[PDB]
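Novice: just dropping in an experimental structure and the matching sequence.
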Amino acid sequence: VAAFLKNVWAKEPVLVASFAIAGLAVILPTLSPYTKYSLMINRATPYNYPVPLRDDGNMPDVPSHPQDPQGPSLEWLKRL
Amino acid sequence: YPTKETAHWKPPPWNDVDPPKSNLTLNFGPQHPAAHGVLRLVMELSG
Amino acid sequence: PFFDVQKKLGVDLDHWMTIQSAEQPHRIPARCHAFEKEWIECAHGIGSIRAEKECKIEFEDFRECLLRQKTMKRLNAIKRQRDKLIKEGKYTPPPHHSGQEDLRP
Amino acid sequence: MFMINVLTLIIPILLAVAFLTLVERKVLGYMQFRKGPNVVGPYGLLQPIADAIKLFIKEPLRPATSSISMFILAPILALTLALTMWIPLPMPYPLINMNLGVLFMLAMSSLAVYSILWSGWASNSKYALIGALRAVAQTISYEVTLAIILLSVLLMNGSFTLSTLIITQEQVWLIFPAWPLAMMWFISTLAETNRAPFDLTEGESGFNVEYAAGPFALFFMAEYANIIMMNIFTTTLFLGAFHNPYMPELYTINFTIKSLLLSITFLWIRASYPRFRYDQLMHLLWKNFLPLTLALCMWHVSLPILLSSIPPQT
Amino acid sequence: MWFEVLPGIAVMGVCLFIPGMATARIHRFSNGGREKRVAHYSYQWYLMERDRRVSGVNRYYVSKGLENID
Amino acid sequence: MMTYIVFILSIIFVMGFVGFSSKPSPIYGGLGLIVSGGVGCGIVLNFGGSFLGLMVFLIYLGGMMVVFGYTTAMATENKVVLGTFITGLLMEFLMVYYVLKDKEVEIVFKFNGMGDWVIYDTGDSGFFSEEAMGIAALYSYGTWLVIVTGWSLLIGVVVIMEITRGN
Amino acid sequence: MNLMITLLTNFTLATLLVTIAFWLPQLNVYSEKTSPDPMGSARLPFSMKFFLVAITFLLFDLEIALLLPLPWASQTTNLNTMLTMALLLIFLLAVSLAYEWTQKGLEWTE
Amino acid sequence: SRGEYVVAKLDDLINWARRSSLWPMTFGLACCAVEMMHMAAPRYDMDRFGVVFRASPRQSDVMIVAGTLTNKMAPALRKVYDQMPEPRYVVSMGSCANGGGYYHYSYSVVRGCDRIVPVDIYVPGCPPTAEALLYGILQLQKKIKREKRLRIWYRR
Amino acid sequence: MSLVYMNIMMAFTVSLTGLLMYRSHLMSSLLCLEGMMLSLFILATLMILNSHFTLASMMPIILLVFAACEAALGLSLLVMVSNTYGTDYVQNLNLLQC
Ligand SMILES: CCCCCCCCCCCCCCCCCC(=O)OC[C@H](COP(=O)([O-])OCC[N+](C)(C)C)OC(=O)CCCCCCCCCCCCCCCCC
Ligand SMILES: CCCCCCCCCCCCCCCCCC(=O)OC[C@H](COP(=O)(O)OCCN)OC(=O)CCCCCCCCCCCCCCCCC
Ligand SMILES: CCCCCCCCCCCCCCCCCC(=O)OC[C@H](COP(=O)(O)OCCN)OC(=O)CCCCCCCCCCCCCCCCC
Ligand SMILES: CCCCCCCCCCCCCCCCCC(=O)OC[C@H](COP(=O)(O)OCCN)OC(=O)CCCCCCCCCCCCCCCCC
Ligand SMILES: CCCCCCCCCCCCCCCCCC(=O)OC[C@H](COP(=O)(O)OCCN)OC(=O)CCCCCCCCCCCCCCCCC
Ligand SMILES: C=C(C)[C@H]1Cc2c(ccc3c2O[C@@H]2COc4cc(OC)c(OC)cc4[C@@H]2C3=O)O1
Ligand SMILES: C=C(C)[C@H]1Cc2c(ccc3c2O[C@@H]2COc4cc(OC)c(OC)cc4[C@@H]2C3=O)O1
Ligand code: SF4
């Protein structure tokens, strides 16, 4: 497992670097803890208007103002 | 039913293979510096 | 044959690019989103034979949203009568259609 | 007022290309333990002027051409494409500020192979046509790695905007996270412009040996109008300078110095090595640059996702 | 010696300095002493045409602030 | 005259096809198709399809017509041509005279004769090109499309290496 | 609009310089030349390998064309699917390169 | 008059540009090519006069016939001369190019390249020194300097 | 409808009639075929951009890619004909009449 690897690193180091970088690019997003935050930032980016809801009477988790404490927050992004 | 127009039509070959019905020859004469002076070269190349 | 593998296996291979009323990136509406939605909700489930005759008005509204043949025909009629009255001299353009009024917002 | 901006773009391009010949001959002279031109002007400064006037008053061939019209269209397309590559270049502000300037420059540089192909058509010499086909296959080979390296870097840019690429490198040069891309990019731009060790138009007779001094001075200068541009493009792409919006000439002096050093680096490469054999640079592209470029393209796809560093879309 | 190559390099550097400084001064001249508005996106174009309307002199760059409202 | 510029390009586009479908040679046929690709690309760019216009330049002209001119160079070393050219040109200019004197025409479909600046939309799209985000949707919504296209291109490589071998 | 002005100016300047180059020494009456090449008159033989590298360029350029919207595709909310399809496309480009490798298609222009 | 002064300044301009941008073809025949290389070498350095070597006769201005012209080569030399765009110049370098030299009475040697091409500067020596070839090139430059093409054109 | 659509369809029909009955170079037939593809690209692009139907913006690229791959395939057939007769004259393709 190290004789063939040293042999291909002595003969074809271009392809060894190629397969190694490709293998890292495949497997490493499944091991990184920051891959969750990529998804989280790309859904926190407001391309559209936050269309308001008609207050039916019972929506406690919806704020009545942007500065209200309920709703989604981005303190995880301001800290990181 | 061979007509007057469809009369020269010979049958196709038995293996369905027809016959296929050459290499380049260059002349690098005395117009060139990376041959060291005065040389003519008749190359026969195959690609 | 239409072997409906996508519904039998419950997978969405190409239903998403099929109509303009489907889920678009960033909630972008098509220009005739409402007309196509109305015609699709009219013609749903009733079969194509009943749809060709019972959803004619929604389909004409949607085809005329797509091609705008009636709108361009009306604009042709208005612009042609306007050109005739300009050539005859019985009409003058207002300052808000000649470009002399410094627009609103 | 915009026409003044177009002229102050394109006339100094031709002047810089003219004096690049002097810089090439002088820098190649001193690296070869000799001098370049110093007789014709003071310190050789009138050598490109005398050379351009000398070429413009030589007799052209006007040979038996397979196409007269493509014999005319090859210098016109060469100069027109060589001048239109400069119009989205942000230095620090571009002539044409477009949202897709990178893809624009990629497409217009892909259009430059028709000059080589039509110049090989217009000469009746079949060996000049062979050399033109080898030059075209060289250029379309290295356009592949240009496209993929450029895509991998624009995955860190966020857009196809060339002016965004200044905002991208406000903290660090983009040669630090992308130096393998930068070195394959630099050698690939060297191979785009038929520049040594990748030139195959001086020895085994090139595609433009039919042209003599009327169109040739134009072809050549269009060719050097690409070279500076590519280095300027490399300067925008991997060596992004500081931009103060209240003093834009800080960026203009900084990128100008870096682009001069990179064009001199082209001159210093061609004076240091022998040429490739033709299949050796085909071996260099298809077997050495292309697997690494695909691997690093996978790495620059997955890397901003795994570091939570996806750049902004706008 | 090696400093003989520097006049040609300096001339070529001035020729490369002219287009950038030129387009900077022209964009400051044609836009009211400021940068040219970048409109890559339709929201930027909408704000720029709204500036051209609210200026009253058919120029996007003529800015109107609190003095324009009562 | 500037309001009809898309229309003007379209006329050149038609002319460009009659430029090369008359076929004096594959050389000049390729030249006419390259000029036609440029002007139809200008048509595409004038509706806001900037990425699709640069796909015409990068891939059609810069990628594929290069290979057509390359194969025309390497493999392929009047009256009918000029007659078909002037015939198609007379047909197209009589169509232009009809649709400009009438502002309405019917060859197969009914066509308005005003400019196509009227048929646009008056809205905005915020901080993105809608066409750019729709092409970006190839990786998020277009999974099966990417699969079949990549398999077709891999099979295309394999198929070219099969039939060019001759063994 | 200003872009078309720039393109037209570059085409105009190129056509001006090319016409001056083709016709300023045609004012001269130098001499009339009769002048009665490595190959003499042999027909250009087809090179199969040049065509193969041109088609390999065309197919990899199409795979590049599929790869081109990736900086915009990195902005999606479906990043797992997007990353999977991006790695699949670059892998299929690598597999087309590996088949072009191992079937000796990259030889004598390697 | 005035137009005489105009064509005099134009002759000075075009003669300046032609003599200060001479491009010889890198084309040697015999031992004189070694010394012609020594004139390209760093000590003498023809490139500082605006004198560069170019491979093709199409982008070349002067043919330095540097070496023995044999009978077997003279049509190739004439073809090289006929591919050069005008104004083209010829510098005969060395005794064999000038008049046959050491091989004058040979069955196979053209006795002087001026039987084949018109010659502008004859450079003597066997070989002439590289300094002597550079002297001949500067004498060629001075010969180009006193050309009167537009004055004779204005007087014809 | 739109007036530019008539010109794009007329271009398509011109290149379609150029493909069909000429009996000329094979490369000229492939050029007419790719002119047909070019007009399909332009027409699909103008429709999809006109209707603001965002998900079909990736459709013409697909229409490009496949068909350009198709074009590559055609050239290889031509090259095999160019390796058989020395020309791409389609009247050499008459072995299979009998
Ligand atoms: C943009 C600014 C400038 C950029 C730098 C360039 C300036 C310097 C230029 C010098 C002169 C160059 C002239 C042209 C030379 C062309 C020839 C040449 O070099 O061929 C390239 C050669 C080709 O190989 P070769 O020709 O030497 O060998 C023959 C080939 N084999 C062996 C197959 C028989 O090398 C490459 O292709 C390398 C390209 C860059 C590689 C980048 C590697 C990144 C490293 C990643 C990590 C690796 C560690 C292990 C894994 C770790 C994981 C965490
Ligand atoms: C799973 C990860 C992702 C994989 C997919 C993505 C790959 C990215 C790079 C794309 C490369 C495309 C072309 C690859 C062709 C491979 C086959 C090959 O080249 O075999 C021939 C070669 C012998 O060379 P030869 O035939 O003579 O060619 C002329 C040069 N002398 O023989 C060789 O060179 C032997 C090659 C095999 C051994 C390489 C081992 C590298 C190990 C690196 C560390 C581990 C990486 C993790 C993944 C495992 C990879 C095996
Ligand atoms: C043998 C024939 C002659 C050969 C020599 C001459 C031709 C070759 C050299 C010239 C090449 C011309 C290329 C012109 C188009 C380039 C692509 C392009 O326009 O991209 C830039 C830009 C896209 O970016 P974006 O920011 O989205 O646009 C502004 C929107 N905010 O888009 C814009 O800014 C859009 C601006 C309006 C539309 C511009 C249309 C230009 C004219 C059409 C092409 C004309 C040339 C035709 C021939 C091409 C080559 C064959
Ligand atoms: C962005 C920056 C771009 C910069 C580009 C330019 C770089 C180089 C600048 C010029 C450098 C110095 C040039 C000096 C040339 C030689 C001057 C001279 O003395 O020539 C002598 C010659 C004959 O003199 P004569 O009177 O006969 O002598 C007998 C004396 N008893 O007399 C003559 O030949 C007549 C006089 C000729 C003078 C020519 C001067 C150079 C012209 C170059 C054109 C461009 C100038 C700059 C343009 C941009 C700035 C405005
Ligand atoms: C009504 C009156 C006007 C009529 C129309 C004429 C307009 C002006 C035309 C240009 C100037 C004409 C005079 C040309 C030079 C005449 C004097 C001369 O020959 O001086 C010789 C001297 C070099 O002497 P030399 O013998 O070479 O030295 C050996 C070293 N020991 O030479 C020198 O020292 C330098 C000579 C420089 C020549 C001028 C500079 C080049 C031309 C610039 C303008 C044209 C090109 C513009 C730019 C084109 C693009 C780059
Ligand atoms: C390029 C530069 C600066 C030098 C090198 C050079 C010349 C001019 C001419 C030639 C040349 O080199 C080539 C190769 O080497 C020899 C060696 C020769 O003899 C040893 C020989 O004799 C005729 C001829 C040649 C060529 C020739 O014509 O200037
Ligand atoms: C654009 C302007 C102002 C002039 C100057 C000029 C041309 C046209 C062509 C050339 C040129 O300058 C130099 C001259 O000398 C060498 C010598 C070379 O090698 C000795 C060499 O090798 C690639 C290249 C060259 C340039 C070359 O071809 O027009
Ligand atoms: S003149 Fe003399 S030294 Fe010169 S090449 Fe002839 S034999 Fe040799």
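Specialist: That came in fine, so what should we check first? Numbering: from 1, shown residues only, chains lettered A, B, ... in the order given. Ligands and ions are numbered 1, 2, ... in the order given.

Novice: the residue most central in space within chain I sits in which helix or strand?
Specialist: Central residue of chain I (Cα atoms, centre = their mean): residue I:33, 2.2 Å from the mean position. Following DSSP states H and E, one finds residue I:33 within helix I:26-51.

Novice: how close does the closest residue to chain C within chain H get to residue H:32?
Specialist: Chain H approaches chain C most closely through residue H:6 (54.2 Å), counting by Cβ to the nearest Cβ. Using the backbone N, CA and C atoms, a C-beta is placed for each residue, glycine as well. The spacing between residue H:6 and residue H:32, counted by Cβ to Cβ, to the nearest Å, is 42 Å.

Novice: looking at these two, which is more packed in?
Specialist: residue H:32 (27 against 12; other Cβ atoms under 10 Å in any protein chain shown).

Novice: the more buried one touches residue H:93, doesn't it?
Specialist: Yes - at 4.7 Å, residue H:32 counts as touching residue H:93 under the criterion of Cβ atoms under 8 Å.

Novice: overlap of the contact sets of the two?
Specialist: Residues touching both residue H:32 and residue H:93 (Cβ atoms under 8 Å, 6 or more residues apart in numbering or on different chains) are H:66, H:67, H:127, H:128.

Novice: now, these that are in helices?
Specialist: Among the shared contacts of residue H:32 and residue H:93, no member is found in helices (DSSP state H).

Novice: ok, how many other residues are close to the residue nearest to residue F:50 when sequence neighbours are not counted?
Specialist: Spatial nearest neighbour of residue F:50, excluding adjacent residues (Cβ to Cβ, 6 or more residues apart in numbering or on different chains): residue D:100 at 5.4 Å. Residues lying near residue D:100 (other Cβ under 10 Å) number 21.

Novice: now do the same contact list for residue D:100.
Specialist: Residue D:100 touches D:160, D:161, F:50, F:51, F:54, counting by Cβ under 8 Å, 6+ apart.

Novice: how about the closest residue to the second one other than its chain neighbours, phi and psi?
Specialist: Of all residues beyond its chain neighbours, the one nearest residue D:161 is residue D:99 (5.8 Å), with distances taken as Cβ to Cβ, 6+ apart. The phi/psi pair for residue D:99 (degrees, to the nearest 10) reads phi -70, psi -20.

Novice: contacting residues for residue D:99?
Specialist: Counted by Cβ under 8 Å, 6+ apart, residue D:99 has contacts D:159, D:160, D:161, E:40, E:41, F:50, F:129.

Novice: tell me the one of these nearest ligand 4?
Specialist: residue D:161 (29.8 Å; Cβ to the nearest ligand atom).

Novice: which ones are touching the closest one?
Specialist: Contacts of residue D:161 by Cβ under 8 Å, 6+ apart are D:98, D:99, D:100, D:101, D:102, E:40.

Novice: and the residue lying closest to the last one once chain neighbours are set aside, how far is that from residue G:99?
Specialist: In space, and not counting its chain neighbours, residue E:40 is closest to residue D:99: 4.3 Å by Cβ to Cβ, 6+ apart. In this structure, residue D:99 and residue G:99 are separated by 37 Å, where distance is defined by Cβ to Cβ.

Novice: same deal with residue D:90?
Specialist: 41 Å.

Novice: of these two, which one has the most company?
Specialist: Neighbour count, other Cβ under 10 Å: between residue D:90 and residue G:99, residue D:90 has more, with 22 against 14.

Novice: wait, what's in contact with that one?
Specialist: Per Cβ under 8 Å, 6+ apart, neighbours of residue D:90: D:97, D:101, D:162, D:163, D:165, D:166, D:236.
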